[PDB]
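**Q** once you've seen the sequence and the experimental structure below, I've got questions.
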Amino acid sequence: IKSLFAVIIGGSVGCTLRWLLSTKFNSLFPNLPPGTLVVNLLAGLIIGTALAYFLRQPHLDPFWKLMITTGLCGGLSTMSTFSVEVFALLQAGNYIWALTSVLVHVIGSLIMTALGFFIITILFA
Amino acid sequence: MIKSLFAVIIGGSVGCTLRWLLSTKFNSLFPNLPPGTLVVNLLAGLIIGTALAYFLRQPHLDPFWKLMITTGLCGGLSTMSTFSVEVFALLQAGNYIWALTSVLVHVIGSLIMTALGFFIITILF
Amino acid sequence: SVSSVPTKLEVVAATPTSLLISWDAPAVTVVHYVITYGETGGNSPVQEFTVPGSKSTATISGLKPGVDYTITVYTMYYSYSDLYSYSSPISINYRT
Amino acid sequence: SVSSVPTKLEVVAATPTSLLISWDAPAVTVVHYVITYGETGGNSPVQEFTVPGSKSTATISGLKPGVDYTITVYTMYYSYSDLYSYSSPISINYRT
Ligand SMILES: CCCCCCCCCCO[C@@H]1O[C@H](CO)[C@@H](O[C@H]2O[C@H](CO)[C@@H](O)[C@H](O)[C@H]2O)[C@H](O)[C@H]1O
Ligand SMILES: CCCCCCCCCCO[C@@H]1O[C@H](CO)[C@@H](O[C@H]2O[C@H](CO)[C@@H](O)[C@H](O)[C@H]2O)[C@H](O)[C@H]1O
Ligand SMILES: CCCCCCCCCCO[C@@H]1O[C@H](CO)[C@@H](O[C@H]2O[C@H](CO)[C@@H](O)[C@H](O)[C@H]2O)[C@H](O)[C@H]1O
Ligand SMILES: [F-]
Ligand SMILES: [F-]
Ligand SMILES: [F-]
Ligand SMILES: [F-]
Ligand code: NA
């Protein structure tokens, strides 16, 4: 039950952030909706910084770890919205941007995870 | 905007909870391509595809239910962030074959489920 | 806030039995455009056909000479909130 | 429920000043193994080094002949719940 609250509180903050950022910004550039990109890149960054930080602090409460990763990053990021965007582009005959969206979301999200991890790893002494 | 926020939170909380339960139960069974994280992305791809086709035919549905299913449930259920750390960890572990396989199976698989969801409903109606 | 309806629908070229129409795409992911046409005098069936989202022109053939036609174009488009929905139409009258 | 501790830690080969050790990998994504070694006698300092997650063998060098060493191996591994954390060690004694 305590773990469930971490997932719900974190998840609700993440989903809310995705909803606000997506409705505000996605329509500005519909070939690669920037609201959905920014939340995936940001979640990649946070999970990477979490990866490195939680390694150095092994005695932290599993509550905070679960709220940040499964909750916040889990709620904030999305594979499903990413898929319809690409599917729609594929149906629209816009293959160049379908391919670009797949590369920028995936390669970009991994790069942000790397950045988050290595920035914290480089900070420690 | 408060009624819309409840749809996002209720849907998001159900999705995040489902991801949490399925991931902790199944991810450790096959760590090269954690099946809990895959199943939730594939399932969210399926639901958003069926939503794509279904909501097209029912244009007068409440924006509440549409928002709860897509931004809420599918948004909370799917994840790009957990997908990234899994791949990042595999890359750090020197396991490139499964890092590449995970990227292809998650992305190609999630698009295929979106297509299946869309065309199954399109073929029904 | 962004409109999914096309703008500047017009006949760019005409013969007595055909019309070449064009329009400006709306700033959304259009999957396909739906062109409709029928005789303005409302005693004849309206016909429709699709064009891909990349195209912003269409040919209408098999028309009768010297007759007023009502021509509309709407989109089937992707947006964040509505997923796949249909836009309102933009509409013009043209006499062959 | 899945153990992140390696199993069947053993010396596969030895010289007077070195040991080649091997172990079975645990069924989790191991990022690196941490090998530790020190003289079983007393409180001479324990030393450690890492080996990549793909390798399941390691060489320990610069040992003294005819001395009892305590050798341990633990993992730094990825799991869903704990992200990057350290396993418990598996341990053996060996006399050069
Ligand atoms: C590696 C990832 C694989 C994941 C699987 C994804 C499956 C993609 C489904 C594509 O959907 C089709 O796309 C065509 C092309 O966009 C559309 O053709 C439309 O456009 C064509 C030209 O662009 C015309 O020739 C067709 O008549 C017209 O229907 C067609 O309607 C649509 O159903
Ligand atoms: C797809 C788009 C790109 C996204 C961004 C890519 C980010 C990937 C980060 C990989 O991190 C490195 O992975 C190496 C393994 O791959 C590790 O090497 C370790 O393992 C090697 C052998 O596997 C040894 O040679 C090294 O000495 C040892 O440090 C190294 O520590 C680690 O920092
Ligand atoms: C897009 C990203 C851009 C930023 C890149 C900057 C990288 C700076 C760090 C240096 O790179 C690696 O750092 C690892 C440590 O962080 C070292 O691994 C060492 O330590 C690891 C554990 O910390 C072990 O897993 C490895 O086996 C061991 O070689 C590894 O040798 C070294 O090459
Ligand atoms: F998905
Ligand atoms: F996308
Ligand atoms: F992400
Ligand atoms: F993965
Ligand atoms: Na999510």
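**A** Perfect, I can see it now. Numbers count the residues shown, from 1 in each chain, chains lettered A, B, ... in the order given. Ligands and ions are numbered 1, 2, ... in the order given.

**Q** in chain C, which residue is closest to the centre?
**A** The residue lying closest to the centre of chain C (CA atoms, centre = their mean) is residue C:73, at 2.3 Å.

**Q** isn't it right up against residue C:35?
**A** Yes. Applying CB atoms under 8 Å, one finds residue C:73 in contact with residue C:35, separated by 5.5 Å. Bear in mind the C-beta positions are built from the backbone N, C-alpha and C, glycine included.

**Q** in the sheet, which residues pair with the residue nearest to the centre of chain C? Tell me.
**A** Listed by DSSP bridges, the beta-bridge partners for residue C:73 are residue C:35, residue C:90.

**Q** pull up the gap between whichever residue of chain A sits closest to chain D and residue C:56, please.
**A** Chain A approaches chain D most closely through residue A:55 (4.1 Å), counting by CB to the nearest CB. According to CB to CB, to the nearest Å, residue A:55 and residue C:56 sit 54 Å apart.

**Q** now swap in residue C:84 and tell me
**A** With CB to CB as the criterion, residue C:84 and residue C:56 are 20 Å apart.

**Q** more crowded one of those two?
**A** For the pair residue C:84 and residue C:56, the greater number of neighbours falls to residue C:84 (23 against 17), based on other CB atoms under 10 Å in any protein chain shown.

**Q** surely the residue of chain A closest to chain D meets residue D:83?
**A** Yes. Assessed by CB under 8 Å, residue A:55 is found in contact with residue D:83 at 7.4 Å.

**Q** ok, residue A:82 - contacts?
**A** A:36, A:40, A:101, A:105, B:80, B:110 (CB atoms under 8 Å, 6 or more residues apart in numbering or on different chains).

**Q** inside helices: which ones of these?
**A** Within these, residues falling in helices by DSSP state H are A:36, A:40, A:101, A:105, B:110.

**Q** the helix or strand containing the residue of chain A closest to chain D and chain C, any residue contact?
**A** Assigned by DSSP states H and E, residue A:55 belongs to helix A:34-56. Yes. Judged by CB under 8 Å from any CB of the partner chain, helix A:34-56 and chain C are in contact via A:35-36.

**Q** return the residues of chain A in contact with ligand 1.
**A** Chain A has residues A:90-91, A:93 near ligand 1, with proximity defined as CB under 6 Å from any ligand atom.

**Q** show me which of those residues are buried.
**A** A:90-91 (16 or more other CB atoms under 10 Å in any protein chain shown).

**Q** how about stretch A:21-37 as PDB, C-alpha atoms only?
**A** C-alpha atoms of stretch A:21-37 as PDB (Å, rounded to 0.1, in the frame of the first residue of the first chain):
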ATOM      1  CA  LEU A  21       3.100  20.100 -22.000                       C
ATOM      2  CA  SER A  22       1.500  18.000 -24.900                       C
ATOM      3  CA  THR A  23      -1.700  20.100 -25.200                       C
ATOM      4  CA  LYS A  24       0.300  23.300 -25.000                       C
ATOM      5  CA  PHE A  25       3.100  22.500 -27.400                       C
ATOM      6  CA  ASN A  26       2.300  19.500 -29.700                       C
ATOM      7  CA  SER A  27       0.400  21.600 -32.300                       C
ATOM      8  CA  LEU A  28       3.300  24.000 -32.800                       C
ATOM      9  CA  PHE A  29       5.300  21.500 -34.900                       C
ATOM     10  CA  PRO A  30       3.100  18.500 -35.900                       C
ATOM     11  CA  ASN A  31       5.800  16.600 -37.900                       C
ATOM     12  CA  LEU A  32       7.500  15.800 -34.600                       C
ATOM     13  CA  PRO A  33       5.200  17.000 -31.800                       C
ATOM     14  CA  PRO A  34       7.600  18.800 -29.300                       C
ATOM     15  CA  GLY A  35       5.500  18.300 -26.200                       C
ATOM     16  CA  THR A  36       5.600  14.500 -26.500                       C
ATOM     17  CA  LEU A  37       9.400  14.700 -27.400                       C
END
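
**Q** and the contacts of it?
**A** Against stretch A:21-37 from outside (CB under 8 Å, 6+ apart): A:18, A:38-39, A:78, A:81-82, A:85, A:89, A:94, A:97, A:100-101, A:104-105, A:108, B:71, C:1-2, C:27-29, C:78-81.

**Q** before we move on, back to that, nearest residue to the residue of chain A closest to chain D in space, please, no chain neighbours.
**A** The shortest distance from residue A:55 to any non-neighbouring residue, by CB to CB, 6 or more residues apart in numbering or on different chains, is to residue D:84 (4.1 Å).

**Q** which residues does that neighbour bridge with?
**A** Here residue D:84, judged by DSSP bridges, has bridge partners residue D:78.

**Q** relative to residue B:38, how far out is it?
**A** Distance, residue D:84 to residue B:38, by CB to CB: 21 Å.

**Q** got the residues of chain C near chain B?
**A** By CB under 8 Å from any CB, the residues of chain C that approach chain B are C:76, C:81-86.

**Q** I'd like to know which of those residues is nearest to ligand 1.
**A** residue C:76 (10.0 Å; CB to the nearest ligand atom).

**Q** run through the neighbouring helices and strands of the helix or strand that contains that closest one.
**A** If you go by DSSP H and E, residue C:76 is part of strand C:68-79. Counting contacts by 3 or more CB pairs under 8 Å, 6 or more residues apart in numbering or on different chains; DSSP states H and E, strand C:68-79 is packed against helix A:80-91, strand C:7-15, strand C:18-24, strand C:29-39, strand C:57-60, strand C:83-86, strand C:90-95.

**Q** cool, thanks, signing off.
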